[PDB]
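Participant:
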Amino acid sequence: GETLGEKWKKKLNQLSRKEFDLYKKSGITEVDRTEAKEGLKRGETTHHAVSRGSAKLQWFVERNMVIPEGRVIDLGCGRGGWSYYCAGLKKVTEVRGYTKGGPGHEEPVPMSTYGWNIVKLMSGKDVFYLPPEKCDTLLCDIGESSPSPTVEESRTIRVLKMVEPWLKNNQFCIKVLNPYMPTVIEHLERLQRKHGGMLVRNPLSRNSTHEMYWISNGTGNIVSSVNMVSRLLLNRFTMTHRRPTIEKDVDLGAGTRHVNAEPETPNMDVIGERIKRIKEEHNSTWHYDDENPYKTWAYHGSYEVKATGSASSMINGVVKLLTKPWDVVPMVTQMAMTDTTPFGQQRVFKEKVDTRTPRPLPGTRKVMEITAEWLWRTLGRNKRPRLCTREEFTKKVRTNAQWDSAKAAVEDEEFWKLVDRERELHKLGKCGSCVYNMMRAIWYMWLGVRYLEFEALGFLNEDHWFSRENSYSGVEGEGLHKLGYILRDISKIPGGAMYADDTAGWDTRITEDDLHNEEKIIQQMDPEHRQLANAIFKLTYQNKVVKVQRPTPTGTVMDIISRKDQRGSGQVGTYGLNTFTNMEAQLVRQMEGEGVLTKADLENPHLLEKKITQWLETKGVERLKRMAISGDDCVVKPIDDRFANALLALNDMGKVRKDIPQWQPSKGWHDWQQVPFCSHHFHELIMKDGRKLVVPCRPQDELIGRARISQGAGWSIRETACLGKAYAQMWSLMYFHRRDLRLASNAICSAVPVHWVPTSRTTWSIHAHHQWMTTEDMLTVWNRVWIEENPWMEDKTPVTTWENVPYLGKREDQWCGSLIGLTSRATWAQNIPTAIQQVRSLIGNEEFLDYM
RNA sequence: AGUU
Ligand SMILES: *O=P([O])([O])OP([O])(=O)O[C][C]1O[C](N2[C]=[N+]([C])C3=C2N=C([N])[N]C3=O)[C]([O])[C]1[O]
Ligand SMILES: Nc1ncnc2c1ncn2[C@@H]1O[C@H](CSCC[C@H](N)C(=O)O)[C@@H](O)[C@H]1O
Ligand SMILES: [Mg+2]
Ligand SMILES: [Mg+2]
Ligand SMILES: [Zn+2]
Ligand SMILES: [Zn+2]
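Counted the way PDB author numbering counts, the first sequence spans residues 6 to 406, 417 to 454, 471 to 883.
#1: Here's the rule I'm using: 16 or more other beta-carbon atoms within 10 Å means buried, otherwise exposed. How should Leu135 be labelled?
#2: Below 8 Å, how does it come out for the region 146-162 and the region 118-128: are there three or more Cβ pairs, yes or no?
#3: Would the region 97-115 count as touching the region 166-173 if we require 3 or more Cβ pairs under 8 Å?
#4: Taking 7 Å as the cut-off, is the C-beta of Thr214 nearer than that to any heavy atom in ligand 1?
#5: So is the beta-carbon of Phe674 under 7 Å away from any non-hydrogen atom of ligand 3?
#6: Write down the C-beta distance between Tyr530 and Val667 rounded to the nearest angstrom, noting that I regard them as a contact closer than 8 Å.
#7: If we call anything under 8 Å between Cβ atoms a contact, is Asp664 one with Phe713?
#8: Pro727 and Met761 look like a contact to me (Cβ under 8 Å); what is the Cβ gap, rounded to whole Å?
#9: Can you list, in chain order, every residue whose CB sits closer than 5 Å to a heavy atom of ligand 6?
#10: With a cut-off of 8 Å, do at least 3 Cβ pairs link the region 514-522 to the region 346-353?
#11: Along the beta strand (DSSP E) that carries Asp664, what are the first and last residues, could you check?
#12: Any heavy atom of ligand 5 closer than 7 Å to the Cβ of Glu437?
#13: Mind checking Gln63: buried by the 16 CB within 10 Å criterion, or exposed?
#14: Based on DSSP bridge pairs, tell me the residues matched to residue 967.
#15: Just the Cα atoms here: how many angstroms apart are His441 and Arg471?
#16: Can you look up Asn452 in the DSSP assignment and give me helix, strand or coil?
#17: Which residue comes first and which comes last in the beta strand (DSSP E) that contains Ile670?
#18: Rounded to whole angstroms, what's the CA-CA distance from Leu678 to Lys523? Just pull it up for me.
#19: Note down, in chain order, each residue of its chain lying with its Cβ closer than 7 Å to the Cβ of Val55, except the 5 sequence neighbours on either side.
#20: Please state if the CB of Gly505 and the CB of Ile691 are separated by a distance shorter than 8 Å.
#21: Taking Cβ positions, are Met453 and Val577 nearer each other than 8 Å?
#22: Please state the DSSP three-state secondary structure of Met116.
#23: Apply the 10 Å Cβ neighbour rule to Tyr293 and answer buried if 16 or more other Cβ atoms are within range, or exposed otherwise.
#24: Is any non-hydrogen atom of ligand 2 found closer than 7 Å to the C-beta of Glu138, if you look at the structure I gave you?
#25: Compute every distance between the C-beta of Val132 and the non-hydrogen atoms of ligand 2, then say whether any falls below 7 Å.
#26: For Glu191 and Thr224, what's the separation of their Cα atoms in angstroms?
#27: Does the Cβ-Cβ distance between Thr369 and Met658 come in under 8 Å?
#28: Measure the C-alpha to C-alpha separation of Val228 and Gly736 and round it to an integer number of angstroms.
#29: Pick from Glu623, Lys551, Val71 and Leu853: whose alpha carbon is nearest that of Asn297?
#30: Helix, strand or coil: how does DSSP classify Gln580 here?
#31: Is the closest heavy atom of ligand 3 to the C-beta of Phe708 under 7 Å?
#32: Count the other C-beta atoms from every protein chain shown that fall within 10 angstroms of the C-beta of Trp381, then say buried if there are 16 or more, exposed otherwise.
#33: Would you mind giving the Cβ-Cβ distance between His768 and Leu839, rounded to the nearest angstrom? I have them listed as a contact below 8 Å.
#34: Please state whether the Cβ-Cβ distance between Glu252 and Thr118 is less than 8 Å.
#35: Terminal residues of the continuous beta strand (DSSP E) containing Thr98?
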């Protein structure tokens with residue numbers, strides 16, 4: 006008789022328009038298309054997925070249900086979501102899209118996303134009038150819905166009969182609009198006997214459609230899976246309404262794809278021993294997956310592993326309810342949906358890490374060489390490089406700036432025996448166990480590899496090589512409270528505007544030549560030190576072996592991959608080396624801006640050195656003082672504004688700017704208070720004394736958003752509060768000028784016990800000196816930071832009350848996201864005594880004293 | 001189904 010899909014249909018068509026509206030998305034997975042749909046309106050052709058379809062297809066490609074390869078044919082491509090996504094897949098060489106177009110139908114949208122040069126979409130091409138072509142991958146998403154099941158039925162069969170002749174021992178993913186009608190089930194079964202595969206439900210599909218997808222890589226009972234969907238959809242009628250799960254939309258990159266230029270060539274004599282050891286520490290589940298996704302990293306093998314990560318983050322209770330208005334604001338409640346699930350990370354690797362930078366021109370390479378040799382010499386004018394020791398490393402661990420096996424390990428004499436063993440390999444130019452991650472005690476191998484880095488390259492951070500005194504451009508050991516002052520001093524330097532261009536994924540943009548230039552520091556080292564440093568550079572920085580997780584349809588596996596260039600982001604002195612190359616890169620760009628370095632010079636194979644040496648030796652230091660370089664973050668105030676147009680060398684060096692077309696001139700500021708740097712801008716405040724403060728500031732919502740997050744007590748109240756009181760005291764020392772934050776700060780500290788220890792990292796930022804931890808009176812701590820220890824505060828007159836500590840002007844406070852003025856803020860302002868009384872009751876009966 |  007009647008099928009469960011048909012019962013579902015009849016009941017779907019009986020819902021009210023508002024009962025259907027809720028059912029349509031109850032418990033489904035959706036994609037955030039807001040950013041993409043406004044990029045499309047602004048006519049942007051990069052990064053954006055052209056429709057919801059790219060994310061839909063991704064779900065299948067993720068689980069290898071279909072693995073597009075060779076020539077891909079996309080029947081009914083529409084705007085081209087599936088076609089644009091396939092263009093960036095490893096084994097894909099060509100994509101052809103056929104769609105009907107015309108009135109009432111989707112026309113393909115031209116894009117410049119990565120691999121556009123192998124995509125060919127055509128309108129005026131009805132596939133039901135089209136002779137089948139040879140292809141290695143057949144996609145089809147055609148399915149015109151209907152409130153009549155039997156109408157949907159014949160439409161589905163029409164699609165099926167159309168599409169069958171395209172199938173011939175090739176990959177395929179085909180939408181089956183209505184799969185529960187008996188005759189379709191019948192036809193699918195005959196199809197499954199001939200071409201194999203299986204029907205699968207996509208979680209991104211709305212509950213208002215029964216659509217399933219016939220994919221080639223799978224086997225299973227058709228009737229069973231269809232009826233499972235039927236029950237699920239039928240269940241979601243009566244289940245209490247669930248707000249859909251929201252994913253982050255796909256990033257399809259930009260630029261042409263040269264498939265032959267992607268594959269990595271591994272130095273097996275360098276990385277072989279490391280692989281071998283991984284292989285036999287996990288020999289029981291070790292295998293080689295030919296279906297690995299890596300385009301530009303060299304794959305070596307895999308072993309099985311239990312899954313790690315979450316799609317969302319644990320919210321802090323104490324703050325969440327002391328900040329009731331922000332329960333509703335989107336920007337705050339969104340930084341929880343960061344996803345570190347195997348899927349989430351494999352997505353990140355594809356779009357951000359699995360890329361390859363073209364080798365810079367010979368002229369560009371010479372410039373970087375000359376500049377680096379000079380820069381290194383400048384950085385070592387007073388200091389010598391030095392080795393760091395076990396004693397030094399151990400002390401740094403015990404001052405744990417919970418990684419707690421860290422303090423156990425260094426005390427283990429057995430741990431250091433392994434370290435010694437590995438060091439003797441490095442002296443012979445070999446590496447056995449230096450592998451890092453992206454996320471039986473293999474833990475020792477990893478704390479040991481970090482130490483050896485620290486031993487050889489730790490001096491850069493510990494001896495403050497990139498402090499402002501030593502590097503002019505640098506800002507190491509300064510802190511948020513000092514950064515804004517440095518920007519204000521820079522603005523006093525005559526010239527062009529202040530430019531702050533962010534590189535897109537800096538660490539992935541580090542090149543072979545960058546690595547070879549940072550390496551030059553070893554020339555200043557003692558022999559025994561150079562030996563160890565040369566081992567670090569050559570064997571582990573220029574030959575990286577990485578463990579990375581990957582979800583598969585039969586479990587999670589750990590992939591072992593390798594890469595010669597790029598930067599290992601989890602390495603010692605990543606900050607310093609980033610700062611160095613960025614300093615060099617910005618000097619290079621200043622030369623081009625000043626006309627010293629021309630297009631002819633970058634292309635010219637033998638660039639005469641005399642010109643660049645002269646510029647550096649006469650102007651270099653002055654130009655370094657025009658900059659503030661913190662790792663990959665820079666602020667540059669050149670001698671004029673030609674710099675904004677100086678783009679040849681910067682792009683050729685691989686340091687492509689973020690969120691701007693590759694050849695569009697940079698836009699800078701002349702108001703230094705609007706310059707972004709280290710995730711902040713900096714306001715100048717006038718105390719009613721008359722003296723001036725330069726405070727750090729940022730969008731208030733991302734300050735509040737971070738503080739509604741634990742790290743990570745599940746579920747400990749007498750520890751989740753101590754994280755909140757840490758934020759609350761940071762807000763007091765650093766963001767006192769914000770009205771909501773300072774008020775919220777007084778609402779937290781009065782709600783949390785007086786001498787309860789504040790722990791856990793607030794932010795692990797290099798410029799966060801964390802001097803807000805002591806359970807000391809905040810005004811006295813504030814006074815030491817902003818008055819007596821402040822070099823830019825001449826009059827050391829102390830502050831006796833919190834009303835001599837200024838705010839931002841209401842206008843400027845509001846512009847930075849403050850909710851003052853909104854009456855919900857007012858109701859919140861007079862309800863925080865209760866909210867305070869709430870958590871104090873939620874904690875218990877202990878030492879409170881009021882900051883109300 | 002995609003588009004709002
Ligand atoms: O397949 P979609 O997710 O994209 O959903 P839709 O809107 O095209 O139509 C699918 C089925 O859902 C039913 N439908 C459509 N509308 C606008 C309504 C309904 N059902 C009810 N009770 N009220 C509606 O307004 C149709 O059966 C349609 O085939
Ligand atoms: N007979 C036909 N021949 C070619 N294309 C057709 C067709 N009938 C419908 N189509 C197109 O097929 C599309 C199905 S929706 C496909 C969207 C696509 N998967 C994406 O990710 O963007 C519709 O846009 C429709 O215009
Ligand atoms: Mg910046
Ligand atoms: Mg629809
Ligand atoms: Zn090693
Ligand atoms: Zn601000």
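For every residue, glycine included, the Cβ atom is placed at its ideal position computed from N, Cα and C.
Facilitator: Concretely, from the data shown:
#1: For the purposes of this step, residue 135 is taken as the residue at position 130 of the first sequence. With fewer than 16 other Cβ atoms within 10 Å, it is exposed.
#2: Three or more beta-carbon pairs separated by less than 8 Å are not found between the region 146-162 and the region 118-128, which leaves the two stretches without contact.
#3: Segments in contact, no.
#4: Residue numbering aside, residue 214 sits at position 209 when the first sequence is read from its first letter. Within the cutoff, so yes.
#5: Sequence index remark: in the first sequence, residue 674 carries index 643 (1-based). The answer is no for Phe674.
#6: On the first sequence, position 499 is the one that residue 530 refers to. On the first sequence, position 636 is the one that residue 667 refers to. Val667 and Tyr530 do touch by the CB rule: their CB atoms are close to 5 Å apart, below 8 Å.
#7: Along the first sequence, one-based indexing puts residue 664 at 633. Along the first sequence, one-based indexing puts residue 713 at 682. Contact flag unset, no.
#8: Your numbering for residue 727 matches position 696 in the first sequence. Your numbering for residue 761 matches position 730 in the first sequence. Approximately 11 Å separates the beta-carbon atoms of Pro727 and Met761; this is outside 8 Å, ruling out the contact.
#9: After applying the 5 Å Cβ criterion, the set is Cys728 and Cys847.
#10: No contact exists between the region 514-522 and the region 346-353.
#11: Reading the first sequence from its first residue, position 633 is the one you call residue 664. Where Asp664 is concerned, the enclosing beta strand (DSSP E) stretches over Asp664 to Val667.
#12: To locate residue 437, count along the first sequence from 1; it is residue 422. Answer for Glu437: yes, Cβ within range of ligand 5.
#13: On the first sequence, residue 63 is found 58 positions in, with the first residue counted as 1. Classification of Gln63: buried, given that the 10 Å Cβ count is 16 or more.
#14: No answer is possible for residue 967: it lies beyond the span of the chain, which begins at 6 and ends at 883.
#15: Translated into the one-based positions of the first sequence, residue 441 becomes position 426. Translated into the one-based positions of the first sequence, residue 471 becomes position 440. Those two C-alpha atoms are separated by around 23 Å.
#16: Mapped onto the first sequence, residue 452 falls at position 437. Judged by DSSP in its simplified three-state form, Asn452 adopts strand.
#17: Along the first sequence, read from residue 1 onward, the residue named residue 670 stands at position 639. Segment: none, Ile670 is in no beta strand (DSSP E) and carries neither H nor E.
#18: As a first step, residue 678 must be located in the first sequence, where it is residue number 647. As a first step, residue 523 must be located in the first sequence, where it is residue number 492. Put simply, the backbone Cα of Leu678 is about 25 Å away from that of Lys523.
#19: Taking the first sequence and counting its residues from 1, the one referred to as residue 55 is at position 50. Once the five neighbours on either side are set aside, the close Cβ partners of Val55 are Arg84, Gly85, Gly86, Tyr89, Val114 and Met116.
#20: In the first sequence, residue 691 corresponds to position 660, counting from 1. In the first sequence, residue 505 corresponds to position 474, counting from 1. No, they are not a contact pair.
#21: What you label residue 453 is simply residue 438 of the first sequence in a count that begins at 1. What you label residue 577 is simply residue 546 of the first sequence in a count that begins at 1. The answer is yes: Cβ separation under 8 Å.
#22: Numbered from its first residue, the first sequence carries residue 116 at position 111. In the structure shown, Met116 sits in coil (DSSP, three-state: anything other than H, G, I, E or B).
#23: Taking the first residue of the first sequence as 1, we reach residue 293 at position 288. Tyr293 is classed as exposed because its beta carbon has fewer than 16 other beta carbons within 10 Å across all chains shown.
#24: Taking the first sequence and counting its residues from 1, one reaches residue 138 at position 133. Not under cutoff, so the answer is no.
#25: By 1-based counting over the first sequence, the position of residue 132 is 127. Taking non-hydrogen atoms of ligand 2 into account, the C-beta of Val132 is found less than 7 Å away from one of them.
#26: By one-based count along the first sequence, residue 191 stands at place 186. By one-based count along the first sequence, residue 224 stands at place 219. Distance between the alpha carbons of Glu191 and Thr224 is about 16 Å.
#27: Reading the first sequence from its first residue, position 364 is the one you call residue 369. Reading the first sequence from its first residue, position 627 is the one you call residue 658. The Cβ atoms of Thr369 and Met658 do not sit closer than 8 Å to each other.
#28: The sequence position of residue 228 within the first sequence is 223, counting from 1. The sequence position of residue 736 within the first sequence is 705, counting from 1. Between the C-alpha atoms of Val228 and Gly736 there is a straight-line separation of about 46 Å.
#29: Numbered from its first residue, the first sequence carries residue 297 at position 292. Minimum Cα distance to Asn297 is reached at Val71.
#30: The residue you call residue 580 lines up with position 549 of the first sequence. Here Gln580 sits in strand by DSSP.
#31: By 1-based counting over the first sequence, the position of residue 708 is 677. At least one heavy atom of ligand 3 is nearer than 7 Å to the Cβ of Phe708, so yes.
#32: Working through the first sequence from its first residue, we reach residue 381 at position 376. Flag for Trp381 reads buried.
#33: Within the first sequence, residue 768 is the residue found at index 737, counting from 1. Within the first sequence, residue 839 is the residue found at index 808, counting from 1. That pair is a contact at about 5 Å.
#34: Position 247 of the first sequence, counted from the start, is the residue given in the question as residue 252. Position 113 of the first sequence, counted from the start, is the residue given in the question as residue 118. No; because the gap between Cβ atoms is not below 8 Å, this pair is not in contact.
#35: Residue 98 sits at position 93 when you count from the first residue of the first sequence. Run containing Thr98: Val97 to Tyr103, per the beta strand (DSSP E) assignment.
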